[PDB]
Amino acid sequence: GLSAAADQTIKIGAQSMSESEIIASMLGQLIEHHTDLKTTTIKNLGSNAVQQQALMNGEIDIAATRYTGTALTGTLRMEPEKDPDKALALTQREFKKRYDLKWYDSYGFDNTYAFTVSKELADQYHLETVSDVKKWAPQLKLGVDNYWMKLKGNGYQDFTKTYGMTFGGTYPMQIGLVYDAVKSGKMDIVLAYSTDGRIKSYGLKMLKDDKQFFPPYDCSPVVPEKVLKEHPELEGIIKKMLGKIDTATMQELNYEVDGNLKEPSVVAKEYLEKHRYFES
């Protein structure tokens, strides 16, 4: 019954990404900093859709990182809203209405799909925007994640319609591999994730999505209203992380895992100590 609520463990989900492991660790540590709640991390959820079902079936009590553009198209099956503020507002409204899920305001960073080349390619062919690559598309191999080609929504098929180009070859692979694939010249162009730490490190160039094909992908935690009711301290704790972690910061945190070979929990703890757990 209710008087046992404070002895329940808060299960925090992470997708198969370094960024999601870092944020799920950081939120679990902040919750334990403030309360006597135990927390655990449920790792390796494969996708937006898996995080969704784990929230609805009790497998996780908090999804640490969900992305507006992904959930708009993929969960809600709505037309992709292009304005950041409108997309967030629509997502929060529909998540509450449809699922009784609370989609919080963003941590402060967006992690968008970004068409990405070597700085050498971009400098040789004067490539700044996605529209600049149109005339070259047939002679480029595009590396993509193991998930993006199968999206009916803001996927490849609609991309080719809006930009009127088709790549010579498309090669789906684990996201973590696209950075070295483009750096080594195995791929000519990759659909990277914009908060990856290796983009800067590896000397890569993101091309502007001048036609605004992509929705925003602002990142937030998502929690069932039932969990917030039963643990009324959680909302005030979650709020402490919101709007505090910008894209540059998330890139540096990702680099600590993928480039400096640190455990996501260690990266999360050192960030919390550097910033005094968000209140000094």
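Start at 1 and count along the sequence shown; that's the residue number.
Participant: Compare the mean C-alpha B-factor of 200-208 with that of 152-160 as given in the PDB entry, and name the stretch with the higher value.
Facilitator: The entry gives the higher C-alpha B-factor average to 152-160.
Participant: Return whichever of 74-82 and 91-99 has the greater mean Cα B factor according to the PDB record.
Facilitator: Result of the comparison: 74-82.
Participant: I'd like to know which of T166, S131, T116, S106 has the highest C-alpha temperature factor in the PDB entry.
Facilitator: The listed residue with the largest C-alpha B-factor is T166.
Participant: Is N260 in the lowest, middle or highest third of its chain when residues are ranked by C-alpha B-factor?
Facilitator: Within its chain, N260 is a middle-third residue by C-alpha B-factor, going by the deposited values.
Participant: By the recorded C-alpha temperature factor, relative to the other modelled residues in its chain, which third is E59 in?
Facilitator: Answer is middle: the recorded C-alpha B-factor places it there.
Participant: Grab the CA temperature factor for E230 from the record and place it in the lowest, middle or highest third of its chain.
Facilitator: It belongs to the middle third of the chain when residues are ordered by C-alpha B-factor.
Participant: Quick one: classify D218 as lowest, middle or highest third of the chain based on its Cα B-factor.
Facilitator: Its C-alpha B-factor, which the entry lists for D218, ranks in the lowest third among residues of this chain.
Participant: Using the B-factors in the PDB entry, rank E32's C-alpha atom against the chain and give the third, lowest, middle or highest.
Facilitator: Within its chain, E32 is a middle-third residue by C-alpha B-factor, going by the deposited values.
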